[PDB]
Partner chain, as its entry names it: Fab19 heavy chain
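One chain is shown next in structure tokens, namely the form deposited without the partner chain.
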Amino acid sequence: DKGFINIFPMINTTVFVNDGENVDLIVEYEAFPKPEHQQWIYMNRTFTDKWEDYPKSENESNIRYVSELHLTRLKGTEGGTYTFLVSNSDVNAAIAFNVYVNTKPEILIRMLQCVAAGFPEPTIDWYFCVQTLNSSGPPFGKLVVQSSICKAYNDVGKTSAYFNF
């Protein structure tokens, strides 16, 4: 047999984190020969000092290794796929984590239009006393919904605003 790299996640690959909280993406993996070019990537951007790598055993015959990425104070926009890559002289290997960041809806108004953004997808109710877009600027949220006929909410929170003529 030749070289090999086998990766096992220590936590579930799909993780859910509340807005402003932390999460540690942990991976164990066996490799021969000595693993090289350990790397954590999010959005073509490489984390320089937010992660750590170390052998699981001090013993010389160890081929078990651990890599951890420390995500701190995650924002709703910082949700997405975080990828870990590693290689040796023979094999290239990778594993991916899907990080969801729960956020309460942010609503804006520009005949006005009410637009809610966040995760999970905010639903809009109207009380008396629908399309989907994807924008970078305000309001800041993973999923964006506009309702026309303003209260907005999801399983993590609610946001309201009144409008009169």
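Positions refer to the first chain, counted from 1.
Quick note: we don't show the form deposited with the partner chain bound, though the next part is all about it.
The partner chain is not drawn, but in the entry with it bound it has a heavy atom within 4.5 Å of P55.
Although the partner is absent here, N22 lies within 4.5 Å of the partner chain in the entry with it bound, judged by heavy atoms.
Proximity of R73 to the partner chain in the entry with it bound: non-hydrogen atoms within 4.5 Å are present.
Within 4.5 angstroms of the partner chain in the entry with it bound, the stretch 145-165 places no non-hydrogen atom at all.
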